[PDB]
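Residue numbers (the deposited numbering), protein chains in the order written: chain C, 15 to 316, 383 to 419; chain D, 15 to 316, 383 to 419; chain B, 15 to 316, 383 to 419; chain A, 15 to 316, 383 to 419; chain E, 29 to 331, 449 to 475.
Even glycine gets a Cβ: it sits at the ideal position worked out from N, Cα and C.
Quick notes on the structure that follows.
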Amino acid sequence: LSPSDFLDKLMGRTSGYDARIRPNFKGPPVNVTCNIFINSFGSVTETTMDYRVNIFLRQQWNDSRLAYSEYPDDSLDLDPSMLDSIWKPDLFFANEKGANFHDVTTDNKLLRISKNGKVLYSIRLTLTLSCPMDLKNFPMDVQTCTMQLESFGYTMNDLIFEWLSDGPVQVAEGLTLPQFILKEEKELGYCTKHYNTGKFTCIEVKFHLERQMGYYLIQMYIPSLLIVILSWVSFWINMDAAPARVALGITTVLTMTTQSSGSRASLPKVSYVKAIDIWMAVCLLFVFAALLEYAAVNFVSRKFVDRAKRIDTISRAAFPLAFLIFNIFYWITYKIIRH
Amino acid sequence: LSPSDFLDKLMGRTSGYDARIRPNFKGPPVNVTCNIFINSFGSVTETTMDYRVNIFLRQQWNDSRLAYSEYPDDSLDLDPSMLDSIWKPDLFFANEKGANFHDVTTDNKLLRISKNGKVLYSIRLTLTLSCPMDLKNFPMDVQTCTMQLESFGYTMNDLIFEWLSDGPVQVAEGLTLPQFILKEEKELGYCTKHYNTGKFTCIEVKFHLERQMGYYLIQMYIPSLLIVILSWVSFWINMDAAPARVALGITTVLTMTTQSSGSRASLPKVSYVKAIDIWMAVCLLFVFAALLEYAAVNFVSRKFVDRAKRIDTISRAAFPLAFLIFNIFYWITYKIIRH
Amino acid sequence: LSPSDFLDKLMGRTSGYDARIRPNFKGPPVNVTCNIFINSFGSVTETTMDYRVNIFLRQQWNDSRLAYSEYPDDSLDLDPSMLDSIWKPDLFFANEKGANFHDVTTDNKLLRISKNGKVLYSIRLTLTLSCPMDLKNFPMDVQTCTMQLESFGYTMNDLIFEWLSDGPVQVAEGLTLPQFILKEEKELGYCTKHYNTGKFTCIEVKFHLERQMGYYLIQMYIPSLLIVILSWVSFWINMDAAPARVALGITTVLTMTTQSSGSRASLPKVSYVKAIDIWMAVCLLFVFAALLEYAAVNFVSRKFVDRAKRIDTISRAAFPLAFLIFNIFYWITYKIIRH
Amino acid sequence: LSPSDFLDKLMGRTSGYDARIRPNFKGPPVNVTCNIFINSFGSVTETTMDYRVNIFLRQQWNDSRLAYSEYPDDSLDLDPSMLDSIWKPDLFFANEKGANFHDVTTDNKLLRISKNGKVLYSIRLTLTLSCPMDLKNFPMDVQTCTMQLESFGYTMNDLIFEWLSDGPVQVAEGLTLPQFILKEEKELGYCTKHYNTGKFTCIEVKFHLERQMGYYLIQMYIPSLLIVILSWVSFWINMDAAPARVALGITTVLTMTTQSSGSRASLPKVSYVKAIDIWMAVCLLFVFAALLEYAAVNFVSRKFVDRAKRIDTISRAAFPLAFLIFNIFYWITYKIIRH
Amino acid sequence: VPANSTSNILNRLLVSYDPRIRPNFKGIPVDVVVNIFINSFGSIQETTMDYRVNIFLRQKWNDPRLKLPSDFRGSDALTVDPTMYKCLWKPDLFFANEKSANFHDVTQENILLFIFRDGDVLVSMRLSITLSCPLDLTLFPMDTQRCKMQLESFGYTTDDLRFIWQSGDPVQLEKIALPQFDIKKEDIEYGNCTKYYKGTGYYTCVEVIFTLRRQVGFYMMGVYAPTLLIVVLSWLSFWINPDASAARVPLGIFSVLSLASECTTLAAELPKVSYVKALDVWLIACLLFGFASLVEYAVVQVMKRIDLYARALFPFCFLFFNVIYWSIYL
Ligand SMILES: O=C1C[C@@H]2OCC=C3CN4CC[C@]56c7ccccc7N1[C@H]5[C@H]2[C@H]3C[C@H]46
Ligand SMILES: O=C1C[C@@H]2OCC=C3CN4CC[C@]56c7ccccc7N1[C@H]5[C@H]2[C@H]3C[C@H]46
Ligand SMILES: O=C1C[C@@H]2OCC=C3CN4CC[C@]56c7ccccc7N1[C@H]5[C@H]2[C@H]3C[C@H]46
Ligand SMILES: O=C1C[C@@H]2OCC=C3CN4CC[C@]56c7ccccc7N1[C@H]5[C@H]2[C@H]3C[C@H]46
Ligand SMILES: O=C1C[C@@H]2OCC=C3CN4CC[C@]56c7ccccc7N1[C@H]5[C@H]2[C@H]3C[C@H]46
Ligand SMILES: *[C@@H]1O[C@H](CO)[C@@H](O)[C@H](O)[C@H]1NC(C)=O
Ligand SMILES: *[C@@H]1O[C@H](CO)[C@@H](O)[C@H](O)[C@H]1NC(C)=O
Ligand SMILES: *[C@@H]1O[C@H](CO)[C@@H](O)[C@H](O)[C@H]1NC(C)=O
Ligand SMILES: *[C@@H]1O[C@H](CO)[C@@H](O)[C@H](O)[C@H]1NC(C)=O
Ligand SMILES: *[C@@H]1O[C@H](CO)[C@@H](O)[C@H](O)[C@H]1NC(C)=O
Ligand SMILES: *[C@@H]1O[C@H](CO)[C@@H](O)[C@H](O)[C@H]1NC(C)=O
Ligand SMILES: *[C@@H]1O[C@H](CO)[C@@H](O)[C@H](O)[C@H]1NC(C)=O
Ligand SMILES: *[C@@H]1O[C@H](CO)[C@@H](O)[C@H](O)[C@H]1NC(C)=O
Ligand SMILES: *[C@@H]1O[C@H](CO)[C@@H](O)[C@H](O)[C@H]1NC(C)=O
């Protein structure tokens, strides 16, 4: 007979099958094993704390009601129109903000019945999941971006999720991200939500997005460091040439202020203090300290010329030690201690 | 027998259940015990006057026409497809701008009919609520984002909303707003709209958003104060090299106004005086006044030099006290009083 | 009789036809031939790695059950609302981010059945595909942005896609992207994915998008080269004479720095080093080197002027050569070896 | 009696009216007299090359299969509920990028049948029509953003679109754009598609969007021109020292570079050369030429000073003349020649 | 006897009720009485000319085919579900200056219809419309925006349908806060503007005209008082001794460079509109006065006693420019 007519004989008006009840009703919880397949991973933005994915979701389970042993073909199937007429596990993503199917040229959902009752359900979803990013150390941060699947109305004694054996999460081959890069060390696990009614099952996968810092190290760190070195050599050599000293120092602090100011439209606009803001503030403070020590020299000037040269050599010996201990205490903090 | 046939026997085109009339009709009002549980809290802007929340909403009530004892099932589940055959309160949010459910895998609604007529209804909404926020004191502001649930058709003679006993508003453990802090004192209370046609039930919860002053205080306030210190140490030095002193001095004014011009396009785009624009106006006023008093000293020098020395000393002794009195009358005004 | 009632007997209920059994069931596969007419193109975004394209997708095949002999005209078409009565090839795009049909005046779909069974199916889609853009050499690069059709649930022994023989993909005439220019030589081949279930058919197009360089040449390269020439002018004039050389040096510093600051809000925000970033950092470094090797001359000046003349002449004969070797390296690295 | 009964008598299941068969079948083609009425016109963006229009769309044809002489209502206002029972021409806009209907308080359609079958159909659409914008000459240009209504699946032997004679495309009064001004000459025209299947009718209209350049003439032209005049005032003096020369060269180069930076921030993000970048690069080159004239002065200054004064007089004669030659060539090229 | 039994014996199963035949057919025109109730009013974009607004648009008319009989006396207002909301007639209004309207569908449909005992019918619905009012900002930092919202019938001439306002507070709004503008509920003056179309009919319309007024305080402590300070500093540039001017050159050129930087930087926060605004006139007149101070110093240098005329003539023109400017733009 026809495959559609045989499927109507299997789970239609006859045989007494109600698709509003779970398999193994009043018994053990079902064994729903699901894996994903991520194609896109885009728009990890720090202004709304989300990131968009475009996944395949394949979940298999068992039901003793849809066991057929008459048709020759072992892998039955049904079109995505009549998916109401079969019990599906009601999952939802526990931290998503917007989720939509795809229905281009056909609905992008595929259901398959095997001979043993191993039902396979493949959806193509587009998700906007929420990740709580913090940028307390901005150009060297790592992010743990979560994705949590969780049951909706079925407790632990009725439905249980678990990932597959080999390759439960896998990503498309040649994808890339603008800012971050997606490390291939994804931590899978269970974070079972515990409410007042039951312990609703929930599985999760945590990605480690690592930010690369080539553009920041080229255009914000090294030019500021070189401006500080220029303000160093402004006073390391010159002794009493004030028109070759004070305009140089003031245009240097102007250049440092403009460099620190024009790079606020190139950062995620947050309020808590970041690493790049600490670097900009300390560099501005050091160029200000160079101007202030020149002004102290000019104040003590107008003998005490040996004392003035002592101030000059003391500053020329203290600025290397101070800037180097700041440099060490900055990179060791934001590169080793916050690993 | 199945619970679906039992529910069709209890309510539908066989029994006498009507889906349009409230329970215990022509009597006391029904009290709908409502609580929420937010998941995300982001996209709080200042150019649209809105924020976006992503809640679970659970509301319980009493439906006396659902009492049953001829079935051992304590809590009859009900599918969200045939959900429009049972009474549900016409709740709606009195300040939203856009609201939608989710259908991630199945419908994201749940209905549970208890044995004693208790009905529990749990949906999952995404809302774009509105909140009128003022920015009179911008980097030290507090906001009260309100959420107002209320009925639509029934007055307070038919429907009454009431919060849960314990934890009426719970927050997902681990949120992080981009430029804010969500406090843990959510003042929940009554709304009770008094319209012309009666009084409609209305409950509300007010959050608390305290913007933390890290990035503004380390990127704008301290550089502007640093340029003010450069303005003072400009005319602190001796007045022999008048072109060099006026050069540094003017350049300092240029640095301050370039700092303010760059700091313009990072702030929110409102059209009234924020507490950071008062600062960027007064510091520019002080650097300009320092330049103008130095130029008045050079206009005097044309009481030959003792008047010039006395003017320079009086200015260098009067500007610190004036700026620190302004600093007190600014910080104690904005930080402490309008907390 | 009529073209809307003849199909009720050709494919309707009183005939042998089911809309989800494929043609030639349990036998040879069907050869769906696809072609594409692109109307619009653009929105190539480097922050979400997508591009929107508005196509006419026409797929044609031929079965045997849609054949007739008693009817007058050659090819009759049917209602785009009755598009669920025919087996259509379950197609989907392998890397879309969301696509939709069009519904202006009438659903922009069409299916036309010939007498010999040659079914044509022409739809109009509005896809937003994703192509990974690697901005490693930003102002001079090519992007191979692709488009991959794929079957969904029918392996390569049931459904086989193959491109049209004469002009498979053809873009509209007056196409103008904002940044890129779409090259008229469009590559096309077969993706032919291999999953754990079987071979799935897959055919792909690759558009080579070449970025235009006129804006970056006129506005970002030529002025910075001019600033480098002004840096050389800052020490080619008579040495150690007066405060007229450190002024030009630090002004070349400040203009090069505001150029390198303002040239980071008009570029794509990616966090790896690009070509123009390297070329701006090296120019800022050469300006800093010119000012540092003038500060060296000003230090060693205080027969001490003969050594200053020697190092000034050596620098004036070395720095143009040092810029020319870097210029040759940069241009032959980003224009010849990497195409 | 009632129109809801008479229309069912006229086109219902009783009367013979095949809804998906064109009028005058196997005969002459139906003449669809089409006109639009644009309400809004805005969001003409240069980043996706599309404008958004909001039109009324009236199309009125004739068919003898709806002629009636029963009762004297000479206009059967058919409701848009049973709109799928009348043949309507499958029109679609051949360059849209997404377009929708309006369904506020009632569906915004209308289908009025006259006495002789002169059926009229008025819809209200919101479209985002693509338009290839040419920005080769940015602030002084015209756009030919067009709009094409063409048939889907119907050749010209079946359906002929033609415009209304008495001023078809009308514009709502007081319709201003933020950038352009819509000219009052909207040129109609007969497009026609010549495919390999047939000739598809295509009526079209071409607007004219002349950009107004008051803002660019006030801000992007006159300040930079005054900067070039200031750089001429620099070398118009006979000072063979440079306490004003290096100062004015510094100032003019700095202002030209920061004005070019702000222009980069304000102009549209188009990666080919425009008629504003040419002008800014030429003005920066002229300031560079003036500073190199100063460099020649200071270098050749030690007969010597006589030849220096002679080349200064030559440059003071040349630079206004070369500027006037460039000004005439540029403005005649970009205001009268290409206009 | 339940609440839907009277509806089912009142229309569509009882004696004929055609839901597309208007009340008083072949008679007097229907008088629909509307009154909106604004919730939120935001996103007044100067680059798309829209503004989103949420309204509780309610409309109340007369339907003599729906007179409630004496079957029950306790219910004066017999309700009806939004399921059969398509089952009885309703006036077909539409906003003639909208872009994309949509209803709200949170926890229920947000439409509510009442049928009264004396034949009256009331409809409330929660709309979130995005209208289109043209913003002609030619006086940008001190401008007003008188822009409006108009409801019109669709397919019904004025002898068939007619909208009138409630005439006692027919448009209300909450205590709201725009980012830039300041919505004036003082001037909320509404009115009729019927649309006589070209030959084809005479269609009704009503409208409310809001009078938005932008507040100027940010621009005054923004690019007005700093720019005026820079110009007064350029005036004070002359007060240094003109003999061997080592300070007049910087005191001119850095003020001019600062003003040029202020202009080319705060061209960003302004709305990108390519016609000449007021703020650009002010900034360019101030930049031209800085350049005029440079020119006057230059003709002092190349040729003195001209500064004694400059200090009393050029601020005497700055005050004239200021009074004519802030008299035409206020
Ligand atoms: O009683 C509740 C309230 C609570 O709401 C927060 C959201 C939750 C999500 N899932 C879906 C519905 C819920 C649930 C299932 C079965 C009975 C009661 C019940 N709920 C919500 C609950 C949690 C847990 C669970
Ligand atoms: O009579 C009215 C007018 C008034 O309109 C402002 C909006 C309001 C919101 N809810 C929804 C509709 C309304 C209402 C319910 C039942 C009868 C009349 C009625 N209304 C509106 C009313 C308020 C209160 C209530
Ligand atoms: O069992 C699976 C999971 C797997 O998911 C990665 C994506 C794939 C894309 N196509 C679409 C659905 C899929 C498929 C077809 C038929 C049976 C099972 C099945 N899938 C996915 C699969 C691959 C291959 C194939
Ligand atoms: O054979 C074709 C291919 C071609 O595809 C580009 C798009 C076009 C748009 N309309 C809609 C479908 C089409 C058409 C109608 C009837 C038979 C064949 C057929 N097409 C497409 C065609 C053009 C013209 C026409
Ligand atoms: O035939 C038309 C076309 C014309 O389109 C411009 C817009 C108009 C707006 N209102 C709403 C629809 C319309 C109308 C009503 C009844 C019959 C025909 C008809 N229209 C449009 C018309 C005008 C006038 C009127
Ligand atoms: C699925 O997992 C549960 C977990 O306890 C187990 O008890 C059960 O036997 C498994 N297999 C099924 C339901 O086939
Ligand atoms: C389903 O049942 C079959 C039959 O033994 C078994 O092999 C398979 O592992 C089961 N699947 C799950 C997920 O329990
Ligand atoms: C509901 O609230 C009312 C308040 O008027 C109270 O009298 C009543 O006892 C409450 N409970 C029920 C079941 O009505
Ligand atoms: C509902 O009914 C139960 C039992 O009849 C009662 O205890 C309770 O107070 C009622 N009200 C609510 C709000 O639960
Ligand atoms: C499809 O192509 C294959 C080529 O191997 C052929 O064997 C088969 O008959 C074709 N099927 C149809 C329906 O044309
Ligand atoms: C139609 O089938 C025949 C089989 O020989 C062949 O021309 C081809 O496979 C089909 N034509 C198409 C797909 O255009
Ligand atoms: C339609 O228009 C064409 C050309 O304008 C004309 O020849 C023809 O007579 C018209 N009528 C019909 C019914 O084709
Ligand atoms: C439609 O046909 C009628 C027949 O009398 C004619 O009067 C009318 O002008 C035609 N309309 C058009 C647009 O051709
Ligand atoms: C507005 O003008 C129309 C024109 O006839 C009139 O009928 C109506 O009463 C007027 N007043 C309103 C709508 O308040």
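Does the Cβ-Cβ distance between C:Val311 and C:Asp392 come in under 8 Å? yes
Beta-carbon proximity of C:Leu90 to C:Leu15, cut-off 8 Å: no
Status (buried if at least 16 other CB within 10 Å, exposed otherwise) for C:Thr211: exposed
Could you confirm whether any beta carbon from chain A is found closer than 8 Å to the beta carbon of B:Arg390? no
Contact under 8 Å by Cβ, B:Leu239 with B:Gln157: no
To the nearest whole angstrom, what separates the beta carbons of C:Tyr65 and C:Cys145, a pair I think is in contact under 8 Å? 6 Å
D:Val260 versus D:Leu163, D:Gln273, D:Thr271 and D:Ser245, residue with shortest Cα-Cα distance: D:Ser245
Identify the contact partners of B:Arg225 in chain A, using a Cβ-Cβ distance below 7 Å as the criterion. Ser285
Rounded to whole angstroms, what is the Cα-Cα separation between D:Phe55 and B:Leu202? 46 Å
Three-state secondary structure assigned by DSSP to D:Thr272: helix
How would you list, in chain order, the residues of chain E whose beta-carbon sits under 7 Å from the beta-carbon of A:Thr190? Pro162 and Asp164
Can C:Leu124 and C:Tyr82 be called in contact, C-beta distance under 8 Å? no
Determine the direct distance from the alpha carbon of E:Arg174 to that of E:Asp164, and round the result to whole angstroms. 10 Å
Got a sec? Which residues, its chain only, sit under 8 Å from C:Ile100 by beta carbon, not counting five neighbours each side? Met25, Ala33, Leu80, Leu92, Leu125 and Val133
In whole angstroms, what separates the C-alpha of E:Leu159 from that of E:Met77? 8 Å
Distance CB(residue 485 of chain C)-CB(C:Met161) smaller than 8 Å: Because chain C here runs from 15 to 419, residue 485 of chain C falls outside it and cannot be looked at.
Could you give the residue range of the alpha helix (DSSP H) that holds C:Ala113? No alpha helix (DSSP H) contains C:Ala113, which is instead part of the beta strand (DSSP E) from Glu110 to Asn114.
Partners in chain D for E:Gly147, counting only beta-carbon separations shorter than 7 Å: Per Cβ cutoff of 7 Å: no residues; E:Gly147 is ~19 Å from chain D at best.
Going along the stretch 75 to 87 of chain D in order, which residues come within less than 7 Å of chain E, judged by CB to CB distance? none
Counting only the same chain and skipping the five closest in sequence on each side, list residues whose C-beta sits under 6 Å from that of C:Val185. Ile52
Looking at A:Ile217 and ligand 12, is the gap between the Cβ and the nearest heavy atom below 7 Å? no
To be precise: take each residue of the stretch 241 to 263 of chain D, compare its Cβ to all Cβ atoms of chain E, and keep it if any distance is under 7 Å. Which residues remain? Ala256, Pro257, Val260 and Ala261
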